[PDB]
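Chains as they are written, first to last, in PDB author numbering: chain B, 1 to 106; chain D, 1 to 106; chain A, 1 to 106; chain C, 1 to 106.
The C-beta atom is built at its ideal place from N, Cα and C for all residues, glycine as well.
There are 4 protein chains.
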Amino acid sequence: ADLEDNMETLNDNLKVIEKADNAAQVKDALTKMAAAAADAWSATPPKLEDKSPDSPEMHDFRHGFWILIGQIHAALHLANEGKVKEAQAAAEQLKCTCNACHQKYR
Amino acid sequence: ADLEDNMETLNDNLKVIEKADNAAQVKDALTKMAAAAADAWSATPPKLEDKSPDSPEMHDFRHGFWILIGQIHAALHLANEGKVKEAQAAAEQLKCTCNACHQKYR
Amino acid sequence: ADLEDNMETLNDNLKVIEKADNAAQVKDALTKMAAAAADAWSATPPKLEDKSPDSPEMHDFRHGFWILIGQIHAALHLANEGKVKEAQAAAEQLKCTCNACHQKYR
Amino acid sequence: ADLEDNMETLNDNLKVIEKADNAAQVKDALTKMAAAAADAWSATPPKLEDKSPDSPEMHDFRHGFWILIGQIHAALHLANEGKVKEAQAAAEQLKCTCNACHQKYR
Ligand code: HEC
Ligand code: HEC
Ligand code: HEC
Ligand code: HEC
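Printed below as a string of structure tokens:
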């Protein structure tokens, strides 16, 4: 799927996590977030569409999703352990990473 | 694309890197390797097909790719700084990660 | 060093970076920030001193440093490729991560 | 707190994990490993004393500990979930990251 589908999957699961009640909610939402970020790896954003795929901006772009997935999986670890409040806090902290990349390349 | 084709992308680009002469060849191959690993995120391997998608086994399958990509990117940073023998050495050490997953899920 | 000393080091190098002129300056400041974060790994912040050192808050405390270092190394790459404004922007965006840990445990 | 010592706590705790019976042994040992890896961040290994403190090699050295600690925490969450075999296997697959750094810099 293209970047646009995947981003809007990222945003919706962040909200599912916020108005979540039980851990299963959060686990599934976090799992789907990790896949959407992984799926967005191949995409080239429009402002980088004239860059070559091994440029410093393009590399930082992909690296950003790699950091996001590491952060998603850590929150997924809190969800697996039944820590619903913590995973939700961890899910809200993800938008340092969402905003960082939007600022630079969106 | 196909998990198989993704593995072939990793294996063949490992071959390019070993034979390469300049940093740009290795930089490019490493970048194609990270892409192939990200794409394989969505795959279910044949020996894990009758496990739950949220099983500890399918989660570990993905964690393996996250570690791989991190190591690929670590090898790219050396290539970026033009240390080609060092990047090629670092690319060789990746087969410990390829193999670690293979024992488990191939 | 001190948790305080490590914070002030983190604080001072953000200012060095904004006021930098060349990539070597940003690179150097970023490298020290990462060292101060790793060094803080062992600290117990005053608001968590009566918590188990293996509690999810103390694990989350260290994890925050692990995320910060990842973000520092990502901005270091842009500086390594000599893109000083891009690195300066990325450095400033680390503050979102500083703030996140402060709201929880400062 | 010296590199030699930090390596030695990493090696002994990986053996403790290898011989553990209950999760509490694994959790305690993994926790000590993550701490030793962070403590070694500042070291210059003997084979890199003729490089810039910010050479691509010295950065790649520090980066290895950052990837290691991530792997350590991922196995720790398995132990937290009382999955001792999975934690033990995760701890064993850690060798790739130990060996990779040894091959390059020991
Ligand atoms: C972290 C959790 C998030 C969340 C919730 C979102 N993103 Fe991103 N994003 C990136 C880029 C380059 C774009 C532009 C895409 C385009 O212009 O075609 C976006 C876009 C979005 C949107 C708007 C989607 C739309 O329908 O147009 C939304 C809602 C969104 N994002 C949410 C790039 C990145 C990243 C690059 C490394 C990362 C990380 C994120 N975004 C993270 C997130
Ligand atoms: C690391 C750099 C590598 C390299 C060079 C290769 N792989 Fe993998 N791989 C995984 C699984 C489950 C399979 C089985 C696929 C199936 O049977 O459907 C494979 C397979 C391969 C092949 C064989 C291709 C063929 O058609 O026979 C090759 C050449 C290959 N790989 C190269 C799973 C993983 C991982 C999980 C986390 C990781 C990491 C890797 N593989 C890494 C690598
Ligand atoms: C993972 C946790 C964490 C992160 C990340 C973090 N901090 Fe802090 N920092 C703290 C805590 C907790 C305190 C309060 C300690 C105290 O009061 O003794 C603190 C204190 C401080 C202080 C004030 C020190 C004092 O005593 O006056 C400054 C300035 C500061 N941090 C800056 C930063 C900057 C800049 C960053 C990021 C670049 C950062 N911190 C990242 C946890 C964190
Ligand atoms: C990022 C780099 C890095 C990582 C990761 C790393 N090492 Fe090391 N290790 C070194 C270096 C460099 C030395 C050499 C120190 C010296 O010569 O004084 C060393 C030395 C050692 C030694 C002392 C043995 C001897 O004969 O000198 C042991 C034991 C050891 N490492 C075990 C481990 C284990 C176990 C792991 C992971 C679980 C690990 N190392 C991961 C860099 C690393």
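In terms of alpha-carbon separation, which member of the options lies closest to residue i?
i, options, result
"B/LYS85", "B/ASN13, B/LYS15, B/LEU10, B/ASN22", "B/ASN22"
"A/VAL16", "A/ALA87, A/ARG106, A/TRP41", "A/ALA87"
"A/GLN25", "A/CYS98, A/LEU76, A/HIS102", "A/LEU76"
"A/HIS59", "C/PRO45, C/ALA43, C/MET58, C/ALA74", "C/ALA74"
"A/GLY70", "B/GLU49, B/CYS96, B/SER42", "B/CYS96"
"A/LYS104", "A/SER52, A/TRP41, A/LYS47", "A/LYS47"
"A/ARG106", "A/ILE67, A/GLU18, A/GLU49", "A/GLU49"
Tell me whether the beta-carbon of residue i lies closer than 7 Å to the beta-carbon of residue j.
i, j, result
"A/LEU3", "A/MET33", "no"
"A/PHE61", "A/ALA37", "no"
"B/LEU30", "B/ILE72", "yes"
"D/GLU81", "C/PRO56", "yes"
"D/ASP28", "D/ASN6", "no"
"D/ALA43", "C/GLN93", "no"
"D/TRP41", "B/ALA35", "yes"
"A/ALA90", "A/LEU78", "yes"
Check whether chain B comes within 7 Å of residue i, counting only Cβ atoms and requiring the distance to be less than that.
i, result
"D/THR97", "no"
"A/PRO56", "yes"
"D/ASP28", "yes"
Quick check on residue i - is its C-beta less than 7 Å from some C-beta in chain C?
i, result
"A/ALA91", "no"
"D/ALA100", "yes"
"A/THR44", "no"
Taking only beta-carbon positions, decide if residue i is within less than 7 Å of chain D.
i, result
"C/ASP39", "no"
"B/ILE69", "yes"
"C/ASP60", "yes"
Practice task
Can you give me, in chain order, the residues of the segment 74 to 87 of chain D that have a beta carbon less than 8 Å from any beta carbon in chain A?
Solution key: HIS77, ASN80, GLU81
Practice task
Can you give me, in chain order, the residues of the segment 5 to 37 of chain A that have a beta carbon less than 8 Å from any beta carbon in chain C?
Solution key: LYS27, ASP28, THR31, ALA34, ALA35
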